[PDB]
Each structure stands twice: as structure tokens, then as C-alpha cells.
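In: build me a model from this:
(one chain, ligands or ions: 2)
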Amino acid sequence: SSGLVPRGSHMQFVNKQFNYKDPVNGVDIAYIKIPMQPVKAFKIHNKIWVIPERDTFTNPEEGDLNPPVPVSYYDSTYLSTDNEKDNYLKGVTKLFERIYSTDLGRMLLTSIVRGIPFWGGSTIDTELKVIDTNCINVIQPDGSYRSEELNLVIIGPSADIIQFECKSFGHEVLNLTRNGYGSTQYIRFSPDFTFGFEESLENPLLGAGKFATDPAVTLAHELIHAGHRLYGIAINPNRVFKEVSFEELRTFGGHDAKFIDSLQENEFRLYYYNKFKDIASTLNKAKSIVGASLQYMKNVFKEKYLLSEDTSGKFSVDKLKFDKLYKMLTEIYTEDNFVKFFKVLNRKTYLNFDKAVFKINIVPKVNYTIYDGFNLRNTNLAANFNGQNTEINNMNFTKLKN
Ligand SMILES: O=C(/C=C/c1ccc(Cl)cc1Cl)NO
Ligand SMILES: [Zn+2]
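Out: Numbers count the residues shown, from 1 in each chain. Ligands and ions are numbered 1, 2, ... in the order given. Pasting the structure now:
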């Protein structure tokens, strides 16, 4: 019926088949508070939680869901009911399993899980310490709570329902997404809507068709930004063509990313190489830790950053391992490469989308599968990306008014 386990006995990334109504347990279902009344959240994997709520939490200005760019869509009512929250959670779950079904997705999600935000929180130069906004408070059934570090939170969108994004809490002094440290990433995302694009496929009287973006591709896109931002190698959003940012071109990948000139790219690579050397020096100068042995935590970050260690125990950045990690996160993890792996239809450049928004339901296996998306094998929808064609597969896409 839902199709969460097409091969084997159990899901391979997501740890449980949650229902929204499952009681809180303080372990993988808990009321949590972000650095607000608590919100029910689900731990889908080590370091990754899902909050099936509209994001009225992360940005203080954006506390309401009413209307005050090309395409936007508002419904204050979306994701207000337990049934919707259940369907959100199962849809996100399904999309994670779809991403993890690919070699590329397994590489990306591993990198994300391993990309623990750096403990650069001390004003004492020789002391390691967590940064408080890289945690959440996990309330237990008896009301006690513990702070838990995490890497990624998937949350529902704020007022603009199709405004998907990867954001995070800043430091008053540190630029965490651009200094190698990284920070917990919050992805505003809905599996219940998608957007359109036009494509002309190839009998002769077929003009341009109207297709829908596969929401596994959209989520992977945001997961790719999360990877850059967790290893603190995001491109400054003030770097743009004008509009499309360098960071978006990089993340879309394919030919779009080739418009970032190689001289520019060499410059960023060197910049972040030096930021990683700074992290190795800081770890080396560390003498104490607050809030696990110092030796243990240093090693956590040697593991994250692929640091080399001599017989003294001194760390250094290896140039070949740095290049590997940097190339993985920035060149190999791209929307274009996920498109190739999924074998789905996608727009051919970042800006080439329609001002068309659709309600979808990906949870029923009769609508969308982990292996095929909307393009269900052994049906009319396997041919010519007909499952993503909003005319042919009209039952799966309800066009919304912009
Ligand atoms: O790139 C984005 C969002 C992109 C986006 C959001 C909404 C629509 Cl309709 C189309 C697009 Cl390409 N977030 O990282
Ligand atoms: Zn993006």
C-alpha cells in the first residue's frame, strides 16, 4: 500500500516506520524545542530528525502563515492536522528511501551523517565546546530533557509553501557555513507539492509537454546544500549571476556549474583548504573540553574532515584527501547526477521552470514508488516520462492557483 520496503525486510536508511500518533518515547519520538511550545519530532536516522510542522520557529520575522518572485503559493491551513502530519512523515520517509536506493544517495547521506558541526564554541582558544544552536532539547515522557546534537532537520515550509530551502542558525562572529565548521541544517520541504517545467521530448505533432518535478530530486537538491553547509564550504550567497547564485549553479550541477570559471573554483578550493588547516591547528591547540575525552572528540573531527595524524597525535590536512572530500561534496553530489541515477525527467537548467504548482500525494504505492517515482514500470506511465506528464498522469497532479 505505501511501498516503503520494495526489497528486503526493512527500510535501509530510515530506522522505523513511524505513524504520527505513535506515543513519544524520548528516543526516536519526542517533543523537542529548537535553540516556542515543543513540537513532536521523529528521529529517522542518527543525526537526522523530522518535524512535520510548518516552520514558524526558525526565523523570528516569519512567525505566521499568511501572505503579505516568479511562483509562490500560500495556504495557512496546510499541515495543521494529524492526518496531514502523518502523510508528511511517511512521504519524507519514502523520499529518503528513494534517495538511499541509489549509490549516489548512499554516498551523500553518509557524508551528511558524518558531517557533525564543529565544536568551535569556546571563547577560550584552547578549549573545545559545542555550539548551542547545533543542538535541540529532547523532552522525555516524564518531562525531563537532554540536549542532543544533530546534523539535519527536515521541517515543513513557512508561509510560502513552495519556497524550499536549506537554512541554519548563525553565530554572532563565526560564519559557520563558510569557515569549515558547519552547523545543523534545517530543510524547509514539503513532499505534498511540486512545481512544473516545460519540455519538448522528440509523433511529429507533439509540441512542448508540461511536466512535474520529481520531489526526490528536489529533496536531494536541498540535501546537497546541507552537505556543503555541514562541511562549511557553502559559497557566499552574494556571489551571483545577474539572478542565480553560484551556490545554486553548483548544486544543480551539470552544465550550469560550468559557468563558474575554473579560476574562481580554484580560488574557493584554496580558501576552504586553508579553513580546514585552521580547524586542524585549533584541534592541535586544544588542551581541554567542556560539556567524552578531549582525545575522543578530536578524533570525531579527524574522522569528519579526513585529517591525517602523526605519531605525536598532531593533525594535518592531507591535500589529496581534501580534494577528494571537496570534489565529492561539490562536483559529485549534484541535482544533475541524481537525475541521471533516478532516470527521471528534469528541467535542463536551474531557472527554466514553470510558474505552475501542483498538489501531489506520493505516499500511495499506486501513485509513486521508491524505484520509479511517478513513472511506474509496466504501465503507460513508464513510457516518455508519462507519469511526470501532468496531462497524461493528471490524477497525480492538481494544478494550484498561484
Ligand atoms: O533552490 C532552491 C529552490 C528552488 C525553487 C523553489 C520553487 C520553485 Cl517553483 C522552483 C525552484 Cl527551482 N532551494 O535551494
Ligand atoms: Zn538550491
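In: only C-alpha atoms for contact and neighbour calcs from this point on.
Out: Noted.
In: which strand or helix spans residue 279?
Out: Here residue 279 is covered by helix 262-285, with elements defined by DSSP states H and E.
In: my read is residue 78 is in a helix, agree?
Out: No - using DSSP: H, G, I helix; E, B strand; the rest coil, the assignment for residue 78 is coil, not a helix.
In: contacts only, for it.
Out: Taking C-alpha atoms under 8 Å, 6 or more residues apart in numbering, we find residue 78 in contact with residue 84.
In: quick check on it: phi, psi?
Out: Torsion angles at residue 78 (phi, psi; degrees, to the nearest 10) stand at phi -70, psi 130.
In: and it, how far is that from residue 34?
Out: Distance from residue 78 to residue 34, counting by C-alpha to C-alpha, to the nearest Å: 21 Å.
In: do the same with residue 218
Out: 25 Å.
In: same check on residue 170?
Out: Taking C-alpha to C-alpha, one finds residue 170 at 14 Å from residue 34.
In: packing partners for the helix holding residue 279?
Out: Packing partners of helix 262-285 (3 or more C-alpha pairs under 8 Å, 6 or more residues apart in numbering; DSSP states H and E): strand 315-316.
In: the closest residue in space to residue 11 that isn't next to it in sequence: how many residues sit nearby?
Out: Leaving aside its sequence neighbours, residue 11 sits nearest to residue 5 (C-alpha to C-alpha, 6 or more residues apart in numbering; 5.6 Å). Neighbouring residues of residue 5 were enumerated by other C-alpha atoms under 10 Å; the total is 15.
In: with the one 4 residues further on instead?
Out: When counting by other C-alpha under 10 Å, one arrives at 7 neighbours for residue 9.
In: can you tell me the helix or strand for it?
Out: Using DSSP H and E, no helix or strand contains residue 9.
In: show me where the stretch 301-402 of the chain has helices.
Out: Ranges of helices in the stretch 301-402 of the chain, per DSSP state H, counting those that start in this stretch, are 319-327, 335-342.
In: just the ones you listed: most buried one?
Out: Per residue and on average, the most neighbours among the helices of the stretch 301-402 of the chain fall to helix 335-342, with a mean of 20 (mean count of other C-alpha atoms under 10 Å).
In: for residue 282, see how far away the residue lying closest to residue 22 once chain neighbours are set aside is.
Out: In space, residue 22 comes closest to residue 29 once its chain neighbours are excluded; the distance is 7.7 Å by C-alpha to C-alpha, 6+ apart. Distance of residue 29 to residue 282, computed by C-alpha to C-alpha: 36 Å.
In: higher neighbour count, the two?
Out: Neighbour tally, residue 29 and residue 282, criterion other C-alpha under 10 Å: the higher count belongs to residue 29, 25 against 18.
In: what helix or strand does the nearest residue to residue 391 once chain neighbours are set aside sit in?
Out: Leaving aside its sequence neighbours, residue 391 sits nearest to residue 210 (C-alpha to C-alpha, 6+ apart; 7.2 Å). Applying DSSP H and E as the criterion places residue 210 in strand 209-212.
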